[PDB]
$ cat entry26.pdb   # PDB, C-alpha atoms and all ligand atoms
ATOM      1  CA  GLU L   1     159.495  88.658 -49.084
ATOM      2  CA  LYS L   2     157.682  90.497 -51.887
ATOM      3  CA  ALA L   3     158.557  87.827 -54.462
ATOM      4  CA  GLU L   4     157.297  85.053 -52.167
ATOM      5  CA  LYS L   5     154.012  86.892 -51.600
ATOM      6  CA  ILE L   6     153.448  87.301 -55.354
ATOM      7  CA  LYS L   7     154.258  83.637 -55.992
ATOM      8  CA  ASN L   8     151.500  82.765 -53.512
ATOM      9  CA  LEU L   9     148.961  85.076 -55.150
ATOM     10  CA  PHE L  10     149.151  82.779 -58.174
ATOM     11  CA  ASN L  11     149.130  79.606 -56.036
ATOM     12  CA  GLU L  12     146.013  80.911 -54.252
ATOM     13  CA  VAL L  13     143.956  80.908 -57.476
ATOM     14  CA  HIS L  14     145.233  77.458 -58.496
ATOM     15  CA  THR L  15     146.942  78.217 -61.776
ATOM     16  CA  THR L  16     150.418  79.059 -63.029
ATOM     17  CA  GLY L  17     151.493  82.515 -64.149
ATOM     18  CA  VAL L  18     154.182  85.136 -64.394
ATOM     19  CA  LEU L  19     154.300  88.914 -64.018
ATOM     20  CA  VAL L  20     157.071  90.674 -65.886
ATOM     21  CA  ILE L  21     158.026  94.178 -64.695
ATOM     22  CA  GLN L  22     160.103  96.582 -66.739
ATOM     23  CA  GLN L  23     161.784  99.699 -65.409
ATOM     24  CA  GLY L  24     164.389 101.283 -67.631
ATOM     25  CA  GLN L  25     166.098  98.662 -69.755
ATOM     26  CA  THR L  26     165.948  95.759 -67.266
ATOM     27  CA  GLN L  27     163.136  93.322 -66.471
ATOM     28  CA  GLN L  28     162.203  91.332 -63.378
ATOM     29  CA  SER L  29     159.867  88.319 -63.221
ATOM     30  CA  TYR L  30     157.516  87.308 -60.402
ATOM     31  CA  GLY L  31     154.941  84.563 -59.876
ATOM     32  CA  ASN L  32     154.833  80.779 -59.569
ATOM     33  CA  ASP L  33     156.129  79.860 -63.040
ATOM     34  CA  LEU L  34     158.860  82.258 -64.081
ATOM     35  CA  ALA L  35     159.687  80.251 -67.199
ATOM     36  CA  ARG L  36     156.441  81.523 -68.793
ATOM     37  CA  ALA L  37     158.266  84.873 -69.180
ATOM     38  CA  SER L  38     160.309  83.555 -72.121
ATOM     39  CA  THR L  39     157.600  81.271 -73.527
ATOM     40  CA  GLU L  40     155.647  82.259 -76.674
ATOM     41  CA  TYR L  41     151.837  82.551 -76.562
ATOM     42  CA  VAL L  42     149.227  83.946 -78.943
ATOM     43  CA  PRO L  43     148.765  87.643 -78.123
ATOM     44  CA  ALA L  44     144.984  87.410 -78.499
ATOM     45  CA  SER L  45     143.372  90.849 -77.904
ATOM     46  CA  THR L  46     146.688  92.393 -76.771
ATOM     47  CA  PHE L  47     147.529  92.692 -80.467
ATOM     48  CA  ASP L  48     144.817  95.393 -80.728
ATOM     49  CA  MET L  49     147.455  97.832 -79.402
ATOM     50  CA  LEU L  50     149.722  97.340 -82.408
ATOM     51  CA  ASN L  51     146.774  97.041 -84.826
ATOM     52  CA  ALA L  52     145.637 100.512 -83.667
ATOM     53  CA  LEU L  53     149.128 102.012 -84.036
ATOM     54  CA  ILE L  54     149.470 100.687 -87.572
ATOM     55  CA  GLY L  55     145.940 101.740 -88.555
ATOM     56  CA  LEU L  56     146.306 105.282 -87.267
ATOM     57  CA  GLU L  57     149.839 105.743 -88.624
ATOM     58  CA  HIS L  58     148.812 104.751 -92.132
ATOM     59  CA  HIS L  59     145.538 106.721 -92.075
ATOM     60  CA  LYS L  60     143.294 103.660 -92.216
ATOM     61  CA  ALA L  61     141.153 104.920 -89.340
ATOM     62  CA  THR L  62     140.676 107.934 -87.095
ATOM     63  CA  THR L  63     140.214 108.171 -83.339
ATOM     64  CA  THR L  64     136.795 109.828 -83.720
ATOM     65  CA  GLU L  65     135.063 107.651 -86.312
ATOM     66  CA  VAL L  66     132.236 105.495 -85.011
ATOM     67  CA  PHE L  67     131.944 101.811 -85.794
ATOM     68  CA  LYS L  68     128.157 101.479 -85.517
ATOM     69  CA  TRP L  69     126.638  98.263 -84.257
ATOM     70  CA  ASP L  70     124.586  96.734 -87.078
ATOM     71  CA  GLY L  71     122.202  94.934 -84.696
ATOM     72  CA  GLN L  72     123.560  91.443 -85.451
ATOM     73  CA  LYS L  73     124.263  89.219 -82.447
ATOM     74  CA  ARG L  74     127.915  89.351 -81.371
ATOM     75  CA  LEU L  75     129.996  86.799 -79.502
ATOM     76  CA  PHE L  76     129.638  88.869 -76.318
ATOM     77  CA  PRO L  77     126.807  91.290 -75.466
ATOM     78  CA  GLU L  78     129.383  93.891 -74.381
ATOM     79  CA  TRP L  79     130.289  94.263 -78.074
ATOM     80  CA  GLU L  80     126.734  95.116 -79.149
ATOM     81  CA  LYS L  81     127.140  98.895 -79.150
ATOM     82  CA  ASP L  82     128.515 101.785 -81.183
ATOM     83  CA  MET L  83     132.257 102.183 -80.590
ATOM     84  CA  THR L  84     135.235 104.332 -81.473
ATOM     85  CA  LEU L  85     138.590 102.555 -81.774
ATOM     86  CA  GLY L  86     139.200 103.546 -78.164
ATOM     87  CA  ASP L  87     135.882 102.158 -76.951
ATOM     88  CA  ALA L  88     136.696  98.960 -78.854
ATOM     89  CA  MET L  89     140.140  98.837 -77.236
ATOM     90  CA  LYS L  90     138.584  98.943 -73.767
ATOM     91  CA  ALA L  91     135.890  96.362 -74.654
ATOM     92  CA  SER L  92     138.304  94.247 -76.710
ATOM     93  CA  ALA L  93     135.702  94.303 -79.479
ATOM     94  CA  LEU L  94     137.132  91.877 -82.016
ATOM     95  CA  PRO L  95     134.886  92.787 -84.957
ATOM     96  CA  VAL L  96     136.141  96.379 -84.907
ATOM     97  CA  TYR L  97     139.786  95.248 -84.900
ATOM     98  CA  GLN L  98     139.085  92.723 -87.642
ATOM     99  CA  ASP L  99     137.570  95.557 -89.692
ATOM    100  CA  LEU L 100     140.712  97.595 -89.040
ATOM    101  CA  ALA L 101     143.016  94.699 -89.978
ATOM    102  CA  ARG L 102     141.193  94.305 -93.306
ATOM    103  CA  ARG L 103     141.580  98.042 -94.007
ATOM    104  CA  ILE L 104     145.306  97.758 -93.347
ATOM    105  CA  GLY L 105     145.545  94.621 -95.494
ATOM    106  CA  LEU L 106     147.960  91.703 -95.405
ATOM    107  CA  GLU L 107     150.930  93.327 -97.166
ATOM    108  CA  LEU L 108     151.071  96.428 -94.963
ATOM    109  CA  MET L 109     150.279  94.474 -91.798
ATOM    110  CA  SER L 110     153.068  91.978 -92.463
ATOM    111  CA  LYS L 111     155.584  94.723 -93.286
ATOM    112  CA  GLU L 112     154.735  96.677 -90.122
ATOM    113  CA  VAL L 113     154.665  93.711 -87.745
ATOM    114  CA  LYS L 114     158.112  92.768 -89.042
ATOM    115  CA  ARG L 115     159.403  96.357 -88.909
ATOM    116  CA  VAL L 116     158.407  96.686 -85.248
ATOM    117  CA  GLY L 117     159.705  93.173 -84.487
ATOM    118  CA  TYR L 118     156.565  92.119 -82.640
ATOM    119  CA  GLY L 119     156.858  88.620 -81.167
ATOM    120  CA  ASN L 120     157.788  86.075 -83.842
ATOM    121  CA  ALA L 121     156.502  88.576 -86.425
ATOM    122  CA  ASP L 122     154.731  85.809 -88.350
ATOM    123  CA  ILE L 123     151.203  86.711 -89.464
ATOM    124  CA  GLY L 124     150.685  84.059 -92.171
ATOM    125  CA  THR L 125     148.085  84.515 -94.890
ATOM    126  CA  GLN L 126     144.880  85.325 -92.976
ATOM    127  CA  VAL L 127     144.698  89.044 -92.219
ATOM    128  CA  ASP L 128     141.777  88.901 -89.766
ATOM    129  CA  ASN L 129     142.686  86.141 -87.262
ATOM    130  CA  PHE L 130     146.464  85.770 -87.121
ATOM    131  CA  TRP L 131     146.650  87.146 -83.562
ATOM    132  CA  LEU L 132     144.055  84.765 -82.131
ATOM    133  CA  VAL L 133     144.927  81.218 -83.188
ATOM    134  CA  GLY L 134     148.442  81.570 -84.588
ATOM    135  CA  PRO L 135     150.712  81.846 -86.280
ATOM    136  CA  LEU L 136     151.663  85.066 -84.421
ATOM    137  CA  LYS L 137     153.133  84.512 -80.965
ATOM    138  CA  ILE L 138     154.865  86.682 -78.374
ATOM    139  CA  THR L 139     156.468  86.228 -74.944
ATOM    140  CA  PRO L 140     155.509  88.099 -71.782
ATOM    141  CA  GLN L 141     158.961  89.667 -71.781
ATOM    142  CA  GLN L 142     158.300  90.970 -75.283
ATOM    143  CA  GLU L 143     154.843  92.286 -74.276
ATOM    144  CA  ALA L 144     156.337  94.153 -71.308
ATOM    145  CA  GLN L 145     159.003  95.668 -73.563
ATOM    146  CA  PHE L 146     156.358  96.680 -76.100
ATOM    147  CA  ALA L 147     154.284  98.351 -73.359
ATOM    148  CA  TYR L 148     157.372 100.125 -71.985
ATOM    149  CA  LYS L 149     158.196 101.582 -75.385
ATOM    150  CA  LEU L 150     154.597 102.646 -76.010
ATOM    151  CA  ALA L 151     154.584 104.312 -72.569
ATOM    152  CA  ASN L 152     157.781 106.215 -73.384
ATOM    153  CA  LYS L 153     156.676 106.919 -76.974
ATOM    154  CA  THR L 154     159.767 105.134 -78.260
ATOM    155  CA  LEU L 155     158.039 102.726 -80.625
ATOM    156  CA  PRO L 156     158.819 103.476 -84.267
ATOM    157  CA  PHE L 157     155.658 105.492 -84.930
ATOM    158  CA  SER L 158     154.797 109.189 -84.811
ATOM    159  CA  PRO L 159     154.413 110.654 -81.331
ATOM    160  CA  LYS L 160     150.840 111.684 -82.166
ATOM    161  CA  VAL L 161     149.738 108.119 -82.924
ATOM    162  CA  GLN L 162     151.474 106.763 -79.814
ATOM    163  CA  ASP L 163     149.743 109.437 -77.710
ATOM    164  CA  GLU L 164     146.411 108.457 -79.265
ATOM    165  CA  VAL L 165     146.853 104.772 -78.508
ATOM    166  CA  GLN L 166     147.939 105.552 -74.943
ATOM    167  CA  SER L 167     144.641 107.413 -74.486
ATOM    168  CA  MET L 168     142.748 104.315 -75.657
ATOM    169  CA  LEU L 169     144.457 102.223 -72.979
ATOM    170  CA  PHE L 170     143.903 104.485 -69.986
ATOM    171  CA  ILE L 171     142.080 102.662 -67.185
ATOM    172  CA  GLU L 172     142.145 104.960 -64.155
ATOM    173  CA  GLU L 173     144.108 107.290 -61.948
ATOM    174  CA  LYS L 174     144.484 105.661 -58.559
ATOM    175  CA  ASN L 175     146.375 107.144 -55.612
ATOM    176  CA  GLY L 176     148.067 109.564 -58.017
ATOM    177  CA  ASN L 177     149.197 106.771 -60.392
ATOM    178  CA  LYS L 178     147.956 106.653 -63.982
ATOM    179  CA  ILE L 179     147.228 103.060 -64.998
ATOM    180  CA  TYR L 180     147.121 101.912 -68.621
ATOM    181  CA  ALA L 181     146.277  98.291 -69.501
ATOM    182  CA  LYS L 182     145.006  95.874 -72.137
ATOM    183  CA  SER L 183     143.625  92.448 -71.259
ATOM    184  CA  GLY L 184     143.521  89.343 -73.406
ATOM    185  CA  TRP L 185     142.037  85.876 -73.195
ATOM    186  CA  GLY L 186     142.898  83.217 -75.757
ATOM    187  CA  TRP L 187     140.160  80.828 -74.727
ATOM    188  CA  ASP L 188     139.925  78.650 -77.850
ATOM    189  CA  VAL L 189     143.582  77.608 -77.681
ATOM    190  CA  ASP L 190     144.900  74.837 -75.441
ATOM    191  CA  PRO L 191     145.941  75.524 -72.853
ATOM    192  CA  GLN L 192     144.100  78.855 -72.556
ATOM    193  CA  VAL L 193     146.141  82.016 -72.095
ATOM    194  CA  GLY L 194     145.272  85.118 -70.095
ATOM    195  CA  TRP L 195     147.066  88.443 -70.474
ATOM    196  CA  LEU L 196     147.139  91.808 -68.791
ATOM    197  CA  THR L 197     149.738  94.119 -70.337
ATOM    198  CA  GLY L 198     150.212  97.798 -69.508
ATOM    199  CA  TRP L 199     152.066 100.326 -67.435
ATOM    200  CA  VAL L 200     151.909 102.709 -64.526
ATOM    201  CA  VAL L 201     152.979 106.347 -64.586
ATOM    202  CA  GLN L 202     153.774 107.360 -61.029
ATOM    203  CA  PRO L 203     153.346 110.923 -59.704
ATOM    204  CA  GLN L 204     157.102 111.611 -59.864
ATOM    205  CA  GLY L 205     157.066 110.666 -63.564
ATOM    206  CA  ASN L 206     158.568 107.166 -63.391
ATOM    207  CA  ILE L 207     157.155 104.603 -65.809
ATOM    208  CA  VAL L 208     156.807 100.950 -64.825
ATOM    209  CA  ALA L 209     155.569  98.531 -67.495
ATOM    210  CA  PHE L 210     154.107  95.117 -66.790
ATOM    211  CA  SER L 211     152.796  92.007 -68.462
ATOM    212  CA  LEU L 212     150.837  89.381 -66.611
ATOM    213  CA  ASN L 213     150.530  86.043 -68.351
ATOM    214  CA  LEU L 214     148.747  83.054 -66.853
ATOM    215  CA  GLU L 215     146.951  79.858 -67.748
ATOM    216  CA  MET L 216     143.202  80.430 -67.758
ATOM    217  CA  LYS L 217     141.207  77.404 -66.546
ATOM    218  CA  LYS L 218     137.534  76.573 -66.092
ATOM    219  CA  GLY L 219     136.519  77.937 -62.689
ATOM    220  CA  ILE L 220     139.061  80.769 -62.639
ATOM    221  CA  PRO L 221     137.161  84.032 -63.121
ATOM    222  CA  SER L 222     138.628  86.454 -65.665
ATOM    223  CA  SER L 223     138.751  89.137 -62.952
ATOM    224  CA  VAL L 224     141.770  87.310 -61.475
ATOM    225  CA  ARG L 225     144.064  88.996 -64.026
ATOM    226  CA  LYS L 226     143.429  92.539 -62.763
ATOM    227  CA  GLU L 227     143.271  91.439 -59.093
ATOM    228  CA  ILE L 228     146.615  89.609 -59.124
ATOM    229  CA  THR L 229     148.261  92.392 -61.124
ATOM    230  CA  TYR L 230     147.133  95.245 -58.863
ATOM    231  CA  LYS L 231     147.956  93.284 -55.689
ATOM    232  CA  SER L 232     151.408  92.406 -57.019
ATOM    233  CA  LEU L 233     152.125  95.983 -58.066
ATOM    234  CA  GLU L 234     151.034  97.098 -54.563
ATOM    235  CA  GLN L 235     153.390  94.534 -52.973
ATOM    236  CA  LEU L 236     156.239  95.876 -55.108
ATOM    237  CA  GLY L 237     155.454  99.486 -54.137
ATOM    238  CA  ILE L 238     154.630 100.345 -57.758
ATOM    239  CA  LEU L 239     151.014 101.125 -56.856
TER     240      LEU L 239
HETATM  241  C1  LIG G 301     140.853  89.159 -76.650
HETATM  242  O1  LIG G 301     141.740  88.595 -76.008
HETATM  243  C2  LIG G 301     139.452  88.581 -76.738
HETATM  244  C3  LIG G 301     138.611  89.182 -75.621
HETATM  245  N1  LIG G 301     139.389  89.411 -74.427
HETATM  246  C4  LIG G 301     138.673  89.266 -73.315
HETATM  247  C5  LIG G 301     139.246  89.571 -72.013
HETATM  248  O2  LIG G 301     138.529  89.452 -70.897
HETATM  249  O3  LIG G 301     140.414  89.956 -71.944
HETATM  250  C6  LIG G 301     137.476  88.742 -73.589
HETATM  251  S1  LIG G 301     136.235  88.433 -72.489
HETATM  252  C7  LIG G 301     134.791  89.180 -73.175
HETATM  253  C8  LIG G 301     135.005  90.677 -73.342
HETATM  254  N2  LIG G 301     134.564  91.272 -72.073
HETATM  255  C9  LIG G 301     133.436  90.434 -71.606
HETATM  256  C10 LIG G 301     133.392  90.382 -70.082
HETATM  257  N3  LIG G 301     132.426  91.397 -69.622
HETATM  258  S2  LIG G 301     133.141  92.498 -68.693
HETATM  259  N4  LIG G 301     133.505  91.807 -67.286
HETATM  260  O4  LIG G 301     132.225  93.583 -68.491
HETATM  261  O5  LIG G 301     134.329  92.990 -69.334
HETATM  262  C11 LIG G 301     133.620  89.051 -72.211
HETATM  263  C12 LIG G 301     137.427  88.379 -75.049
HETATM  264  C13 LIG G 301     137.614  86.877 -75.175
HETATM  265  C14 LIG G 301     138.820  88.883 -78.088
HETATM  266  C15 LIG G 301     139.669  88.418 -79.263
HETATM  267  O6  LIG G 301     137.546  88.226 -78.122
END
$ encode --input "entry26.pdb" --output "structure tokens" --more "lines below"
Ligand SMILES: *C(=O)[C@@H]([C@@H]1NC(C(=O)O)=C(S[C@@H]2CN[C@H](CNS(N)(=O)=O)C2)[C@@H]1C)[C@@H](C)O
Amino acid sequence: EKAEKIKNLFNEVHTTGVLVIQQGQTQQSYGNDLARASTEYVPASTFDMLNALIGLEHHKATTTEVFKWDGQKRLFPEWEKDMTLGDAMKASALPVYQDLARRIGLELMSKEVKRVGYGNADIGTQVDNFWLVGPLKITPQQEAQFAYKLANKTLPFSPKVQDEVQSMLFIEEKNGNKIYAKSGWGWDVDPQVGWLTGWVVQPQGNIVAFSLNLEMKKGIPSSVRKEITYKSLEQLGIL
């Protein structure tokens, strides 16, 4: 019954999507197009999570430094403010993560993306846009696995840096559950891709990772990603 209900949540907003859930070493898929789970998409802003891990691990940034807004118009007004890396994570402020990517540099970025085995691990030659328009791609299954490992601090990085990136991703504590999440919207690719990748830590300690992936269309508000995710997690008894 739960799976049917989640399928219809996607039908109700008139697009196709999948929600991958990971608990322990096994995954389940829900939604109205389950085949999306094993299909590659650009990560868009969801790459910020790995960008931050690499930057912190290799001492290219700190968690307390402030990226000051220089007063120049940004793509979105939400980005026109002083930000730490964590603030920029929450706002998905691309210019901050492009700055970070340039600090890391192509050689180190390529080595680390390959070491961690992220998606197709192909970053090409352009260090500041490879996660937006290709060539880097990743499946929702892979995003859920990545989130699960970050949640358990089992990515191949220091525990300190994984703890720091977790803190950047914290959304809220709701009914005792701690919710961590990163959204993404690849709007200038066709078709458009929407992401919400994260995890829940339940009061008893259990970790449940998720990755929502759907086709974004004109007339579908971006708030659908969080709404469908939370409702689905509630249906599953995860929230
Ligand atoms: C990353 O994918 C991309 C980000 N991602 C998102 C997103 O919604 O996931 C946006 S949308 C942009 C940022 N937040 C603004 C909405 N205001 S609100 N509701 O207060 O959050 C608009 C943007 C495309 C990077 C690469 O640009």
$ resolve_selection --input "entry26.pdb" --expression "the PyMOL selection byres (((not hetatm)) within 8 of (chain G and resi 301))" --output "ChimeraX atom specification"
/L:43-46,75-79,91-94,132,182-187,194-196,222-223
$ resolve_selection --input "entry26.pdb" --expression "the PyMOL selection byres (((chain L and resi 143) around 9) and not hetatm)" --output "ChimeraX atom specification"
/L:20,43,46,118-119,138-142,144-148,197-198,210-211
$ write_last_selection --input "entry26.pdb" --atoms "C-alpha atoms" --output "PDB file, keeping the file's coordinate frame"
ATOM      1  CA  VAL L  20     157.071  90.674 -65.886  1.00  0.00           C
ATOM      2  CA  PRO L  43     148.765  87.643 -78.123  1.00  0.00           C
ATOM      3  CA  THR L  46     146.688  92.393 -76.771  1.00  0.00           C
ATOM      4  CA  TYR L 118     156.565  92.119 -82.640  1.00  0.00           C
ATOM      5  CA  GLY L 119     156.858  88.620 -81.167  1.00  0.00           C
ATOM      6  CA  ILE L 138     154.865  86.682 -78.374  1.00  0.00           C
ATOM      7  CA  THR L 139     156.468  86.228 -74.944  1.00  0.00           C
ATOM      8  CA  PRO L 140     155.509  88.099 -71.782  1.00  0.00           C
ATOM      9  CA  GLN L 141     158.961  89.667 -71.781  1.00  0.00           C
ATOM     10  CA  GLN L 142     158.300  90.970 -75.283  1.00  0.00           C
ATOM     11  CA  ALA L 144     156.337  94.153 -71.308  1.00  0.00           C
ATOM     12  CA  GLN L 145     159.003  95.668 -73.563  1.00  0.00           C
ATOM     13  CA  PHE L 146     156.358  96.680 -76.100  1.00  0.00           C
ATOM     14  CA  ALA L 147     154.284  98.351 -73.359  1.00  0.00           C
ATOM     15  CA  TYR L 148     157.372 100.125 -71.985  1.00  0.00           C
ATOM     16  CA  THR L 197     149.738  94.119 -70.337  1.00  0.00           C
ATOM     17  CA  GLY L 198     150.212  97.798 -69.508  1.00  0.00           C
ATOM     18  CA  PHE L 210     154.107  95.117 -66.790  1.00  0.00           C
ATOM     19  CA  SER L 211     152.796  92.007 -68.462  1.00  0.00           C
TER      20      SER L 211
END
$ atom_distance --input "entry26.pdb" --atom1 "CA of residue 72 (chain L)" --atom2 "CA of residue 168 (chain L)"
25.1 Å
$ atom_distance --input "entry26.pdb" --atom1 "CA of residue 207 (chain L)" --atom2 "CA of residue 166 (chain L)"
13.0 Å
$ residues_around --input "entry26.pdb" --residues "residue 133 (chain L)" --least-positions-apart "3" --cutoff "9 Å" --atoms "all atoms listed in the file" --output "number ranges by chain"
L: 42, 44, 129-130, 136, 186, 188-189
$ write_last_selection --input "entry26.pdb" --atoms "C-alpha atoms" --output "short mmCIF file (atom, residue, chain, number, x, y, z; two decimals), in the frame of the given file"
data_model
loop_
_atom_site.label_atom_id
_atom_site.label_comp_id
_atom_site.auth_asym_id
_atom_site.auth_seq_id
_atom_site.Cartn_x
_atom_site.Cartn_y
_atom_site.Cartn_z
CA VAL L 42 149.23 83.95 -78.94
CA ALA L 44 144.98 87.41 -78.50
CA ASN L 129 142.69 86.14 -87.26
CA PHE L 130 146.46 85.77 -87.12
CA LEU L 136 151.66 85.07 -84.42
CA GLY L 186 142.90 83.22 -75.76
CA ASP L 188 139.93 78.65 -77.85
CA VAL L 189 143.58 77.61 -77.68
#
$ atom_distance --input "entry26.pdb" --atom1 "CA of residue 167 (chain L)" --atom2 "CA of residue 137 (chain L)"
25.3 Å
$ axis_aligned_box --input "entry26.pdb" --around "region 97-103 of chain L" --padding-each-side "3 Å" --output "lines of an AutoDock Vina configuration file"
center_x = 140.3
center_y = 95.4
center_z = -89.5
size_x = 11.4
size_y = 11.3
size_z = 15.1
$ residues_near_point --input "entry26.pdb" --point "(144.9, 88.1, -93.4)" --cutoff "8 Å" --atoms "all atoms listed in the file" --output "PyMOL selection string"
chain L and resi 101-102+105-106+123-130
$ closest_residue --input "entry26.pdb" --among "L:165, L:224, L:121, L:35" --to "residue 84 (chain L)" --atoms "only C-alpha atoms"
L:165
$ closest_residue --input "entry26.pdb" --among "L:231, L:1, L:238, L:33" --to "residue 209 (chain L)" --atoms "all atoms listed in the file"
L:238
$ residues_around --input "entry26.pdb" --residues "residue 58 (chain L)" --least-positions-apart "3" --cutoff "12 Å" --atoms "all atoms listed in the file" --output "short mmCIF file (atom, residue, chain, number, x, y, z; two decimals) with C-alpha atoms, in the coordinates of the input"
data_model
loop_
_atom_site.label_atom_id
_atom_site.label_comp_id
_atom_site.auth_asym_id
_atom_site.auth_seq_id
_atom_site.Cartn_x
_atom_site.Cartn_y
_atom_site.Cartn_z
CA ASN L 51 146.77 97.04 -84.83
CA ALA L 52 145.64 100.51 -83.67
CA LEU L 53 149.13 102.01 -84.04
CA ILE L 54 149.47 100.69 -87.57
CA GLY L 55 145.94 101.74 -88.56
CA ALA L 61 141.15 104.92 -89.34
CA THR L 62 140.68 107.93 -87.10
CA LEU L 100 140.71 97.60 -89.04
CA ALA L 101 143.02 94.70 -89.98
CA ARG L 103 141.58 98.04 -94.01
CA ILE L 104 145.31 97.76 -93.35
CA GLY L 105 145.54 94.62 -95.49
CA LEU L 108 151.07 96.43 -94.96
CA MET L 109 150.28 94.47 -91.80
CA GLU L 112 154.74 96.68 -90.12
CA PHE L 157 155.66 105.49 -84.93
CA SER L 158 154.80 109.19 -84.81
CA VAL L 161 149.74 108.12 -82.92
#
$ residues_around --input "entry26.pdb" --residues "residue 7 (chain L)" --least-positions-apart "3" --cutoff "6 Å" --atoms "all atoms listed in the file" --output "ChimeraX atom specification"
/L:4,10,31-32
$ resolve_selection --input "entry26.pdb" --expression "the PyMOL selection byres (((chain L and resi 22) around 6) and not hetatm)" --output "JSON, numbers by chain"
{"L": [21, 23, 26, 27, 208, 209]}
$ closest_residue --input "entry26.pdb" --among "L:17, L:219, L:159, L:203" --to "residue 176 (chain L)" --atoms "only C-alpha atoms"
L:203
$ closest_residue --input "entry26.pdb" --among "L:236, L:34, L:228, L:200" --to "residue 2 (chain L)" --atoms "all atoms listed in the file"
L:236
